[PDB]
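sequence-free structure coming up:
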RNA sequence: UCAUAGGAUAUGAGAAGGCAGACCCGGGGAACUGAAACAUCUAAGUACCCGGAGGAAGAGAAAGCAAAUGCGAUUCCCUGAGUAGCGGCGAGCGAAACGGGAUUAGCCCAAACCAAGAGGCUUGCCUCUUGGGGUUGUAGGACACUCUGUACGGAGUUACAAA
RNA sequence: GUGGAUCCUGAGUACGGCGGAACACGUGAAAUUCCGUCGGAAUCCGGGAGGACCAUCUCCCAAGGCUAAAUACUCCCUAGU
RNA sequence: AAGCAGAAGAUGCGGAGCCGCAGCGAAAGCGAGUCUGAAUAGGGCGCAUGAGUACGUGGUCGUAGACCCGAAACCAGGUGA
RNA sequence: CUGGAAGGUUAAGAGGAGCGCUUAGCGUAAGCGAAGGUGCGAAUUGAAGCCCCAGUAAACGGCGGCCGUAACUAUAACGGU
RNA sequence: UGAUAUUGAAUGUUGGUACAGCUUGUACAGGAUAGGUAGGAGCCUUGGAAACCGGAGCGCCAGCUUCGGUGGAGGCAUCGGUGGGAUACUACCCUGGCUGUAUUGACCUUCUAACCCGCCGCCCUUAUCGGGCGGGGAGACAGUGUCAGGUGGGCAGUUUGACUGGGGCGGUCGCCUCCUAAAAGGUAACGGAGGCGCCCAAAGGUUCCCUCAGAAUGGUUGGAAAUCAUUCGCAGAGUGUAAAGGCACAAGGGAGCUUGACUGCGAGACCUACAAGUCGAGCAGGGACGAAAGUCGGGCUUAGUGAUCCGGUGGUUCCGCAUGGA
RNA sequence: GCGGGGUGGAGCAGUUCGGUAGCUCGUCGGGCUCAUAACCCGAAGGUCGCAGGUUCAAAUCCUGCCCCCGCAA
RNA sequence: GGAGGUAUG
Ligand SMILES: Nc1ncnc2c1ncn2[C@@H]1O[C@H](COP(=O)(O)OP(=O)(O)OP(=O)(O)O)[C@@H](O)[C@H]1O
Ligand SMILES: Nc1ncnc2c1ncn2[C@@H]1O[C@H](COP(=O)(O)OP(=O)(O)OP(=O)(O)O)[C@@H](O)[C@H]1O
Ligand SMILES: [K+]
Ligand SMILES: [K+]
Ligand SMILES: [Mg+2]
Ligand SMILES: [Mg+2]
Ligand SMILES: [Mg+2]
Ligand SMILES: [Mg+2]
Ligand SMILES: [Mg+2]
Ligand SMILES: [Mg+2]
Ligand SMILES: [Mg+2]
Ligand SMILES: [Mg+2]
Ligand SMILES: [Zn+2]
């Protein structure tokens, strides 16, 4: 129901962040602009499948 | 060529929201397999097929298939494929496609306008969709819900063609009879787990019963064991408590004071406790080792067309009724009527105009010649053949359109009885399975306070429990029922009169669907009267001769007449 | 039936058994115990039983160690090192090569080929038996070519023949 | 000592599967060695090893045997501490 | 150190090897720095603020029965009707 | 326990679709890649047992609850579940 | 119980592989049983056309198929039409079925020479052992070896909790809040009360604005109590979730934009046997909100969790047992 | 104090997992019969022990309260 | 034409 997720940067693919979401409230792959340490800038991170 | 595995699925998992649809499915499709994928509505059959085809990516698992494999997919949203037919003409070798088409009964498809091609019968859509898939020369056929709208012709065609097909075929169907002719294996998808059965669908049914019976029996045996041991434990406990309680109160005053008295008795109590602990531990360990889960308790679809009051005799009359489309006459000078309580089956091949007439009766189509009278006081419920009527965006409640709490409660309660729970109600209809969409349309019918039921192909997209429940209910309904179905069994059970679409004429026949087909031309009906009377005399004389000894003088006269009458029988034949 | 088994006679410083409660090489092979329980593991290839022996036994003259302008049989001591590693990665188990030393020692066949002889004639082939020949690796040998000795000289009963 | 025409250079062997054991190394990425069972090479244009395995290179030539010294031990003998 | 000379000795020879003078890092590696890090930033561990080594005595610890005595048992090979 | 018959499930062993590593070669590179070797290997095949179906109790074993009812009452021959 | 070795021979049946032959091909229309593609105007013809008959297979009941006997000169086409497609004939192929050649197993019988005989006769031999020979029976099984599955208290090695007003039962075992707790902190009992093993994509951040509960009175449905309107009204409300401590320059309510529920860290502190746990200004990178100051490293604070070993996955200027890879 | 039960008149499901309140017998009304039974045709009878919450929806989930039955007592 | 046998009240 509420599960752990990992957000991968959409530029370099790196799984930079882990978080949780409630699957019933947010069933779709979440996206968040977060700092990617590899790219040294804020980039869109999308939940991995 | 061989039986090399063509499609191999392993550990296929797929979920939607929180609902697991497919849970750990391992199966292989080999060359020449004719597999029936069965299971009730919403079990995931279309979902599975789409994953096999590749329209939906699974959450876990691998799908192994030849990289070059061509997979012909009949799909459920024919509307999309048929709308692209104009585009398909440029991409497919015209010749082969049209060769098939004519066999399926779509004659001269070349000449159809884009209007007609957008106005097709649902049975025509399927016939056109089938011809397209087979002209593409696929190596693997997936046929989601075929024979739904097909007539006798298209079913004979689809059978004879499936048999010929060289590759494997996966058929998703609820039609017992179509499966009983084309498939040799059944994939039953229940509780998100696929079970395998050998043979056709009828034997699957039988074998499934036995598996359920065996499973049920075994579960009961285990439960009996558990209860036995719990009864033991309860008894031993009680004893242990009593033992400790009495440890200090036994014997006379002096004997109670003996040294070590209560310790002796309490030691005995401790032994009883050890038995309980051992019984418990063993029971727990045994369950962990082997704990059968309670067998599935199949849900029971329940819905009843509550009977209305009394109304009047006439409800429909047609005089010199003629319907045309541009220059094509659908039917001409066709007089018929329907009275209250008639159970009318509309019989006719695909495209003959069955659905057209219904739209005229409802008043959606006013473009006809003649008089078509309908009682103004007739409230009609109407399950439409075209499932795509409902906007596949609205939720179940929005499609019903009820706003007051009382109406909502009835609608929600009925939906729940039909197996659509809160989860599915709040979702856009576009997500519902094709049979779930049909249970939503049924609720819109039940919530109407009506007098007539028009059921246009009521057995497509419906599982055995829903079809069986519908059959029971419709047999009890005292109002008028008009049903179009090419499932002749369903028609033959429900309908007692027929409107036949033949040669651009609608004729009413006062007989059951089964009798009409098995008729035999009356070319010699003026002579059958003679054959009937003479033969009945033969029976009378033959009967008497059976009871009399040859030595009775009465025997001689009867034998002469018998031989003479037999000569007459020969002369008439 | 020839034969063979079997039987008889003669000839044998042939074997047998013992132990030195040790050492050596093998066939079989525990458990207590440790792991703070216990089964993988440990104890331990130990105790014990059995066989073969010898004054020693086993190993041994590279299908080796290594990664250098390399080394050059085996065995044992020092060291590597409680390292590398193995391990319910737990308890524990635990090297080897290089380097320094003791001691030093290398050889002989099978096969190709030659000669002789014999039996299967398998019929100009083959097998077996004698002697010669021959023994190794960026190859050696046979086989061809030369040179050379045939004891002048060398070795030896601890291998390299045997008293 | 010179030849590189031809011939010889250890076969149910090496090696492999399966089951065990020995290697410090408990199946592990497990090389190397040994056993039972089954299968089963090349043979000089050949073969083996350098810790799965392949390629290149380096080093050797298995499936025959013999070989003293340095080492281990003492029931016993002699002389002694 | 083994080992070779020597009274079963001292000693002489024997420099292989061992510890220390340099640390940081998992490692490549760099070095009074180094690792982390994008960073001449901060921080960790080090250096500047230094003494080790060989032998002997004593205290304690590890492996050995390990301060001494004591089971009921287990296992192996035998001896007894 | 005995006897069945198909079918389902199952091991070794047979089968080797395919995939990885290696590299002659192709190529400016990236990378692709024959053959051979090598590490994995799916389909198919593969018995008993089990599942399934019958029988067997001098086989192991087991051998119930609640409610009502008769012209004194009380109990129920009787009835319900 | 199966595979396999010991372990052989012949036959029959039935599948797979390769080849060859026999051939096999009906939507509708069209002259009718039109398999695909290619060339195609001549081809066949006493080397027997058509036609007659017999035989046979198939068959959609139209019919085509070929072994043939009578038969003796035509028969067929591109043209024509039909249709989606054209008819002869030839070249290369496919569907289906059939036969044969060669393999490949599985299975069926049968055989005899392996193996077996606790059968008979003879010899060794005064011998109920053993061995040899000759019959007979059985026979490729059995037995035995290797491997595998099932069964297996017949036998074997072991395991089968602690706290505790004795032990046992019951209860408890980790974490958060309060009281006991004696006005810092800490503080026990099987002392008194409860909660936790989450929840939120906004219920987080920022910018701006904002007050709550309750009562009286007035009001259509309307009722003690729904919505309004005035007066009184420190919190008598609310604060996701226990309790305590806080909160009205709000931490409570509403709205706009956003993702700081950031990356590297971290002076210095709290707590503490250790392992852990907690707080943290400030620095750098790149951002959200804001005009700016500035705030933001989740939530009013304090529960919502599990060492190591061992595995899975992603990244990687690391290592790679001669060398390059792996 | 510790457990189990309260569903039309009787005996029983359904409760875990919310979705039209049911099965057998009985009662009541009307037929058949001279009349009763059997039989045939219809109907009533519980809002699931009681009172509140949660929910669109509660016999079912939660909160309290009252009865019945077992033990201890 | 007659003999013998073969549910409640
Ligand atoms: N894309 C989707 N998103 C969410 N739910 C879905 C989606 N597709 C299917 N479902 C739901 O998951 C289940 C799968 O339905 P699915 O169409 O696969 O069944 P089906 O076997 O085809 O049934 P039917 O025969 O009734 O068509 C159903 O409950 C359906 O409502
Ligand atoms: N507007 C239209 N214009 C032209 N032709 C039409 C139009 N609507 C329908 N048709 C054709 O006329 C016939 C009428 O089809 P309709 O769906 O009404 O009946 P049906 O074939 O008997 O129904 P079913 O869908 O149940 O098989 C079909 O051939 C359809 O293609
Ligand atoms: K004895
Ligand atoms: K035991
Ligand atoms: Mg007593
Ligand atoms: Mg229609
Ligand atoms: Mg569907
Ligand atoms: Mg121990
Ligand atoms: Mg023990
Ligand atoms: Mg205790
Ligand atoms: Mg006590
Ligand atoms: Mg205090
Ligand atoms: Zn990035």
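Nice, thanks for sending it over. Residues are numbered from 1 along each chain as shown, chains lettered A, B, ... in the order given. Ligands and ions are numbered 1, 2, ... in the order given.

can you pull the contacts of the residue positioned nearest the centre of chain A?
Centroid-nearest residue in chain A, with Cα atoms, centre = their mean: residue A:7, separated by 2.1 Å. Residues near residue A:7 by Cβ atoms under 8 Å, 6 or more residues apart in numbering or on different chains: A:15, A:16, A:17, A:18, A:19, A:30, A:32, A:34, A:45, A:46, A:47, A:48. Backbone N, C-alpha and C define where each C-beta goes, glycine included.

could you rerun that using 10 Å?
For residue A:7, the contacting residues are A:14-19, A:29-32, A:34, A:36, A:44-48, by Cβ atoms under 10 Å, 6 or more residues apart in numbering or on different chains.

and the closest residue to residue B:359 other than its chain neighbours, how many residues sit next to it?
If the residues on either side of it in the chain are set aside, residue B:359 comes closest to residue B:365, at 4.3 Å by Cβ to Cβ, 6 or more residues apart in numbering or on different chains. With neighbours defined by other Cβ atoms under 10 Å in any protein chain shown, the count for residue B:365 comes to 14.

now residue B:365: how far from ligand 13?
Using Cβ to the ion, to the nearest Å, residue B:365 is found at 61 Å from ligand 13.

now do the same contact list for that residue.
B:323, B:356, B:357, B:358, B:359, B:372.

thought the second one was touching residue B:328?
Just to be clear, that refers to residue B:356. No - using Cβ atoms under 10 Å, residue B:356 is not in contact with residue B:328, being 11.2 Å away.

mind checking which of the two has more residues around it?
Set side by side, residue B:356 and residue B:328 show more neighbours around residue B:356, with 19 against 9, by other Cβ under 10 Å.

I'd say residue B:311 and residue B:375 touch.
Yes - Residue B:311 is within contact range of residue B:375, at 8.0 Å (criterion: Cβ under 10 Å).

and residue B:479, its phi and psi?
phi -80, psi -170 (degrees, to the nearest 10).

grab the nearest non-local neighbour of it.
residue B:451 (5.1 Å).

now do residue B:188
For residue B:188, the spatially nearest residue (Cβ to Cβ, 6+ apart) is residue B:195, at 4.7 Å.

looks to me like that neighbour is in a strand.
Yes - under DSSP: H, G, I helix; E, B strand; the rest coil, residue B:195 falls within a strand.

which strand or helix spans residue A:32?
Secondary structure from DSSP states H and E places residue A:32 in strand A:31-36.

which strands and helices lie in contact with that strand?
Judged by 3 or more Cβ pairs under 10 Å, 6 or more residues apart in numbering or on different chains; DSSP states H and E, strand A:31-36 is in contact with strand A:2-9, strand A:15-22, strand A:41-47.

if I look at whatever residue of the stretch 51-200 of chain B ends up closest to ligand 7, how far off is ligand 13?
Ligand 7 sits closest to residue B:76 of the stretch 51-200 of chain B, with a gap of 5.4 Å, by Cβ to the ion. Residue B:76 sits 41 Å away from ligand 13, going by Cβ to the ion.

doesn't residue B:125 make contact with that residue?
No - checked against Cβ under 10 Å, the pair residue B:76 and residue B:125 is beyond contact range at 11.4 Å.

returning to what we had before: wait, which of the contacts of residue B:365 is closest to residue B:206?
Residue B:206 lies nearest to residue B:358 out of the contacts of residue B:365, by Cβ to Cβ, at 38.1 Å.

how about the helix or strand in which the closest one is found against ligand 2, any contact?
Assigned by DSSP H and E, residue B:358 belongs to helix B:354-362. Yes - contact of helix B:354-362 with ligand 2 (Cβ under 6 Å from any ligand atom) involves B:354, B:355, B:356.

what is the nearest of these to ligand 7?
Of the residues of helix B:354-362 next to ligand 2, the one sitting nearest to ligand 7 (Cβ to the ion) turns out to be residue B:355, at 21.8 Å.

residue B:566: how many residues sit nearby?
Counted by other Cβ under 10 Å, the residues lying close to residue B:566 total 12.
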